[PDB]
**Student:** 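Below is a structure I'd like to ask you about.
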Amino acid sequence: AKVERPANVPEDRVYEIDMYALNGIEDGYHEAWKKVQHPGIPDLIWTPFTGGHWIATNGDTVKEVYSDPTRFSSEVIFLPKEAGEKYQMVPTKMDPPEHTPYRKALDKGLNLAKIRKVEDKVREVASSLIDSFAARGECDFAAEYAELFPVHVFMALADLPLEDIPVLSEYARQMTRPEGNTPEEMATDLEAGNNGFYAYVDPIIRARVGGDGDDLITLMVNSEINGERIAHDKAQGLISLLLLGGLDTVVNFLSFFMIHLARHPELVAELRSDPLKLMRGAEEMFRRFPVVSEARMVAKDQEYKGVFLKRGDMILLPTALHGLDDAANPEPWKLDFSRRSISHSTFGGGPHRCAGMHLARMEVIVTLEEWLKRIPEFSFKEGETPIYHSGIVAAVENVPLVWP
Ligand code: HEM
Ligand SMILES: CC1(C)[C@@H]2CC[C@@]1(C)C(=O)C2
């Protein structure tokens with residue numbers, strides 16, 4: 001399903017790239033994106049796949065598109081456009097100034113200082129999951145840690161009974177990874193999850209208004225937007241985005257770095273010997289394993305990167321192409337915990353820059369600490385290979401790990 005080349009796209013910028021099926025995906029998500037970014041590739045290219053869209057191809061251009069809501073709007077942030085148009089969320093769809101009060105509400109539950117207080121609960125999630133299989137000498141990391149860890153953290157931050165994990169996990173799967181052989185069946189799957197989650201938190205929102213708790217739900221529902229308490233449905237959208245933001249990004253991120261560490265025993269030893277360098281190299285991991293490739297909509301007609309972009313045009317942002325850009329970071333493939341200038345867009349940029357980034361950093365550091373306390377050496381099961389997918393959030397599964 002290819003679209004005709006528009007008059008604003010120069011023929012010499014056309015690349016046949018399908019963001020949902022990159023060539024060579026089966027050798028690695030990051031590898032597949034990097035093989036797109038050949039030497040001398042224009043800053044902005046264009047593909048007829050996925051409705052037809054531009055693609056930012058380096059760190060400089062990814063950074064720039066993220067930073068400027070005036071020129072590149074969040075009105076549509078994913079591809080294809082007709083799906084992204086149809087599936088907006090609060091406040092990822094807003095530009096400033098509308099966005100601002102909603103981000104302020106988000107920041108109440110996610111700021112650096114608030115996240116510090118939550119470390120004990122996160123650590124306890126990490127240690128319990130790990131304690132399940134540490135004695136076994138083997139596990140599927142994706143299935144037995146990565147897929148479970150985020151939902152458990154959410155329960156703790158949102159103050160929700162742990163026995164609701166099964167129903168919330170079901171809704172999570174449907175909301176983050178819809179299935180369907182028609183876009184209609186896919187639409188059904190998404191609705192199941194979105195409305196199911198809505199029904200689930202609805203009585204908790206109501207019970208928590210005027211409440212004294214410092215969980216995520218009470219913090220969102222008692223936020224003020226423009227001088228008055230946040231609308232019921234807006235608080236619902238926030239709480240939903242809080243579940244979502246912290247799920248698929250982390251599930252997959254965790255596996256990508258555990259895979260690499262399985263295959264790099266000498267880095268594992270390094271981190272084991274130096275827990276200050278462990279703690280301080282979360283940032284290097286974020287650079288090396290980006291997972292998001294969402295989009296911006298061109299907000300108005302304009303010249304950019306030597307082309308004329310039309311209002312309504314879409315620009316795909318492969319965050320892999322900033323972290324792994326050797327113009328941005330010399331020798332980018334090396335996971336280097338002493339790296340001096342760690343340049344990346346793994347959490348976006350501009351006003352929407354991941355509100356969850358302090359939590360992300362803490363989840364990663366704590367996972368790595370708890371893991372190494374119990375499993376100081378490990379590797380990838382012989383004869384096995386991960387399975388990769390490309391899309392809005394990179395997917396990896398099948399991560400059999402083994403240890404003495
Ligand atoms: C590896 C971990 C993570 C990655 C790579 C990641 C990535 C991103 C990116 C690229 C954005 C910007 C979206 C845009 O501008 O359109 C974002 C936004 C957001 N993330 Fe994260 N995220 C991660 C973890 C988390 C966690 C743990 C949470 C906690 C729930 C979270 C919650 C959010 C929220 C609420 C936003 C929207 C902020 C806004 O629009 O102002 N994320 N994330
Ligand atoms: C995965 C997303 C594209 C979607 C909107 C922003 C993003 C990073 C999320 O937090 C959910």
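The first residue in the sequence is number 1, and the count goes up from there. Just so you know, ligand 1 is whichever comes first in the structure, and atom 1 is the first atom listed for that ligand. Reckoned from all heavy atoms, side chains included, excluding hydrogens, waters and symmetry mates.
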**Student:** Taking atom types as modelled and ignoring hydrogens, do the side chains of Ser223 and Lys108 form a donor-acceptor contact shorter than 3.5 angstrom?
**Tutor:** yes

**Student:** With no hydrogens and no angle check, do the side chains of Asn252 and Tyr388 hold a donor and an acceptor under 3.5 Å apart?
**Tutor:** no

**Student:** Test your reading of the structure: does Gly245 have an N or O sitting under 3.5 Å from an N or O of ligand 1?
**Tutor:** yes

**Student:** Using heavy atoms and a threshold below 4.0 Å, how should the contact between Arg296 and ligand 1 be classified: side chain, backbone, both, or neither?
**Tutor:** side chain

**Student:** Is at least one protein non-hydrogen atom found at under 4.0 angstrom from atom 4 (C) of ligand 2?
**Tutor:** no

**Student:** Atoms of ligand 1 less than 4.0 Å from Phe253 heavy atoms?
**Tutor:** 1 (C)

**Student:** What atoms in ligand 1 come closer than 4.0 Å to a heavy atom of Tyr66?
**Tutor:** 10 (C), 15 (O)

**Student:** Does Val364 approach ligand 1 within less than 4.0 angstrom via side chain, backbone, both or neither, non-hydrogen atoms only?
**Tutor:** neither

**Student:** Can you tell which of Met258, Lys381, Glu138, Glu384 makes a side-chain contact (heavy atoms from CB on, under 4.5 Å) with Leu401?
**Tutor:** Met258

**Student:** What residue and atom, counting heavy atoms only, is the protein's closest point to atom 2 (C) of ligand 2, and at what distance?
**Tutor:** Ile392 CG2, 4.6 Å

**Student:** Starting from atom 11 (C) of ligand 2, locate the nearest protein heavy atom and write down its residue, its atom name and how far away it is, to 0.1 Å.
**Tutor:** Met89 CE, 4.4 Å

**Student:** Do me a favour and list the nearest non-hydrogen protein atom to atom 23 (C) of ligand 1 with residue, atom name and distance?
**Tutor:** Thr249 OG1, 3.4 Å

**Student:** With respect to atom 13 (C) of ligand 1, which of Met357, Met362, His352, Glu294 exhibits the smallest heavy-atom separation?
**Tutor:** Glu294

**Student:** Any protein heavy-atom neighbour for atom 7 (C) of ligand 2 (distance below 4.0 angstrom)?
**Tutor:** no

**Student:** Which of the numbered atoms in ligand 2 are below 4.0 angstrom from a heavy atom of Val393?
**Tutor:** 1 (C)

**Student:** In ligand 1, which numbered atoms sit nearer than 4.0 Å to a non-hydrogen atom of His99?
**Tutor:** 39 (C), 40 (O), 41 (O)

**Student:** Closer than 4.0 Å to some heavy atom of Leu106 - which atoms of ligand 1 meet that?
**Tutor:** 35 (C)

**Student:** Please confirm whether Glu363 comes under 4.0 Å of ligand 1, counting heavy atoms of the residue only.
**Tutor:** yes

**Student:** I'd like to know if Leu244 contacts ligand 2, where contact means a heavy-atom distance under 4.0 Å to any ligand atom.
**Tutor:** no

**Student:** Check the pair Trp54, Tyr304 against ring-ring contact (aromatic ring centres under 6.0 Å, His included), reporting the backbone distance first and the verdict last.
**Tutor:** CA-CA 11 Å; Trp54 301 89; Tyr304 192 59; 9.5 Å; no

**Student:** When you measure from atom 10 (O) of ligand 2 to every protein heavy atom, which one gives the shortest distance, and what is it?
**Tutor:** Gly245 CA, 3.4 Å

**Student:** Which pair of non-hydrogen atoms, one from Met175 and one from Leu243, has the smallest distance, and what is that distance?
**Tutor:** CE-CD2, 3.0 Å

**Student:** Would you tell me which option among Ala360, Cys354, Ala282 has the nearest heavy-atom contact to atom 20 (N) of ligand 1?
**Tutor:** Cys354

**Student:** Which atoms from ligand 1 have a heavy atom of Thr92 less than 4.0 Å away?
**Tutor:** 37 (C), 40 (O)

**Student:** Is any N or O atom of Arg103, backbone or side chain, closer than 3.5 Å to an N or O atom of ligand 1?
**Tutor:** yes

**Student:** Check each atom of ligand 1 against the heavy atoms of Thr346 and keep those under 4.0 Å away; list them by number with element.
**Tutor:** 5 (C), 7 (C), 10 (C)

**Student:** Parallel, tilted or perpendicular, judged at 30° and 60°: which one describes the rings of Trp371 and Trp403?
**Tutor:** perpendicular

**Student:** Within the 3.5 Å criterion, strictly below it, is a donor on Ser343 or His322 matched to an acceptor on the partner's side chain?
**Tutor:** yes

